[PDB]
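S.K.: Line by line, the protein sequences give chains A, B and C.
Per the authors' numbering, numbering through the first sequence is continuous, rising by one, with the last residue being 484.
Per the authors' numbering, numbering through the second sequence is continuous, rising by one, with the last residue being 146.
Per the authors' numbering, numbering through the third sequence is continuous, rising by one, with the last residue being 291.
Handing you this structure, nothing more for now.
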Amino acid sequence: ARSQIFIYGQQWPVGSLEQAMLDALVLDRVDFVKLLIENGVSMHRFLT
Amino acid sequence: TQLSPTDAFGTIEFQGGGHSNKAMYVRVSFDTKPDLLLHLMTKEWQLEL
Amino acid sequence: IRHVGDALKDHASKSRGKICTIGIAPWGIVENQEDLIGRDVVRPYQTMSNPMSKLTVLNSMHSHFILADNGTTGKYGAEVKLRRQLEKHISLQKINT
Numbered sequence: 437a438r439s440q441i442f443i444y445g446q447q448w449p450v451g452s453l454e455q456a457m458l459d460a461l462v463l464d465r466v467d468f469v470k471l472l473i474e475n476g477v478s479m480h481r482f483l484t
Numbered sequence: 098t099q100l101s102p103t104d105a106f107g108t109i110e111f112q113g114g115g116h117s118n119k120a121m122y123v124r125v126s127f128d129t130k131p132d133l134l135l136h137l138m139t140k141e142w143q144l145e146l
Numbered sequence: 195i196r197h198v199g200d201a202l203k204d205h206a207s208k209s210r211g212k213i214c215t216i217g218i219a220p221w222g223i224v225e226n227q228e229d230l231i232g233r234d235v236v237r238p239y240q241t242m243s244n245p246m247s248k249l250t251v252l253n254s255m256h257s258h259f260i261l262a263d264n265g266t267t268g269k270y271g272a273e274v275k276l277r278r279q280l281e282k283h284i285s286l287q288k289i290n291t
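Below you can see the structure in the form of structure tokens.
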């Protein structure tokens, strides 16, 4: 995911990254949460 | 354009992007004398030469 | 500057430096200009950048910002003369030796 999906110039839909963050959180994926946080997703704007 | 005191300066808390880092910032005019800005970095931001 | 930011990300991953990396950008071209309005107030910023918007966000791990406004928005050239004059004024200052 880091070496292909998160390459430079990758277009991202609005709200899809937070949905992926939720899906990574419910499935207990530590490194995907790390990758999504390092790739722009912020906890303050996400967690409701 | 008209000239006025600034309203956009302080500290920025970078939310997201992994590591949390705080960065000072000022909005300045493009025609300001650089000596005053140098005094800003040396005094207000506590940066050595 | 994105490569410099990646370098500083690696720097914060293996060294205890606080590298002073004052970046000078146009005030009119940074995304979310209303988010950075305050007077000695800590303002949160979003590192997410919308690809549709022509405006770009600031680099996430710089240390200081001399964001310069010529009045215009979305256009460059508001910072080159100020940066060159500030570099000249710094170079005229005598070193501590």
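Think of the CB as a built atom: it goes at the ideal place given N, C-alpha and C, for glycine as much as any other residue.
1) Between the Cα of residue 247/C and the Cα atoms of 262/C, 208/C, 224/C, 291/C, which residue gives the shortest distance?
2) Of the residues that make up the region 99 to 119 of chain B, which ones have a beta carbon closer than 8 Å to any beta carbon in chain D?
3) May I ask you to verify whether the region 211 to 228 of chain C touches the region 472 to 483 of chain A, counting CB pairs closer than 8 Å and requiring at least 3?
4) Using a cut-off of 7 Å between C-beta atoms, extract the partners of residue 242/C located in chain A.
5) Check each candidate in 116/B, 144/B, 127/B and name the one with the smallest Cα separation from residue 206/C.
6) Could you tell me whether the Cβ of residue 264/C comes closer than 8 Å to any Cβ of chain B?
7) In or out: residue 451/A buried (at least 16 other Cβ within 10 Å) or exposed?
8) At a Cβ threshold of 8 Å, is residue 473/A touching chain B?
9) Which residue's Cα is closest to the Cα of residue 131/B: 289/C, 274/C, 291/C, 290/C?
10) In the DSSP assignment, find the unbroken alpha helix (DSSP H) run with residue 131/B in it and report its ends.
11) With respect to the alpha helix (DSSP H) encompassing residue 234/C, which residues constitute its N-terminal and C-terminal limits?
12) Considering just the uninterrupted stretch of the beta strand (DSSP E) at residue 105/B, what are its terminal residues?
13) Give me the subset of the region 229 to 254 of chain C whose CB atoms are less than 7 Å from a CB atom of chain B, sorted by chain position.
14) So the beta strand (DSSP E) residue 437/A belongs to, where does it begin and stop?
15) Quick check on residue 121/B: does DSSP put it in helix, strand or coil?
16) By DSSP, does residue 258/C sit in helix, in strand, or in coil?
17) May I ask which residues mark the beginning and end of the alpha helix (DSSP H) holding residue 202/C?
M.R.: Result, derived from the coordinates:
1) If you number the third sequence from 1, residue 247/C lands on position 53. Scanning 262/C, 208/C, 224/C, 291/C for the CA closest to the CA of residue 247/C turns up 224/C.
2) The chain labelled as chain D is not found among the protein chains of the depicted structure, namely A, B and C.
3) Not touching, per the Cβ criterion.
4) If you number the third sequence from 1, residue 242/C lands on position 48. Listed by position along chain A, the residues whose Cβ is nearer than 7 Å to that of residue 242/C are 476.
5) The residue labelled residue 206/C in the question sits at position 12 within the third sequence. When only C-alpha atoms are compared, the closest one is 116/B.
6) Position 70 of the third sequence, counting from 1, holds the residue named residue 264/C. By this cut-off, residue 264/C is an interface position.
7) Here residue 451/A refers to the residue found at position 15 of the first sequence. With a threshold of 16 other beta carbon atoms within 10 Å, residue 451/A falls short and is exposed.
8) One-based indexing of the first sequence puts residue 473/A at position 37. At least one C-beta of chain B is nearer than 8 Å to the C-beta of residue 473/A.
9) Within the second sequence, residue 131/B is the residue found at index 34, counting from 1. The shortest C-alpha separation from residue 131/B is found at 274/C.
10) The residue labelled residue 131/B in the question sits at position 34 within the second sequence. That run of the alpha helix (DSSP H) goes 131 to 136.
11) As a first step, residue 234/C must be located in the third sequence, where it is residue number 40. Note, residue 234/C: premise wrong, no alpha helix (DSSP H); beta strand (DSSP E) at 232 to 240.
12) Reading the second sequence from its first residue, position 8 is the one you call residue 105/B. From DSSP, the beta strand (DSSP E) with residue 105/B extends over 105 to 112.
13) Hits within the stretch, in order: 230, 231, 232, 233, 234, 235, 236, 237, 238, 239, 240, 241, 242, 254.
14) Here residue 437/A refers to the residue found at position 1 when the first sequence is read from its first residue. Taken as a continuous stretch (DSSP letters only), residue 437/A belongs to no beta strand (DSSP E), as it is neither H nor E.
15) In the second sequence, counting from the first residue as 1, residue 121/B sits at position 24. It is a strand residue.
16) Residue mapping note: residue 258/C aligns to position 64 of the third sequence, counting from 1. Assigned with DSSP and collapsed to three states, residue 258/C falls in strand.
17) Working through the third sequence from its first residue, we reach residue 202/C at position 8. Note, residue 202/C: alpha helix (DSSP H), 196 to 208.
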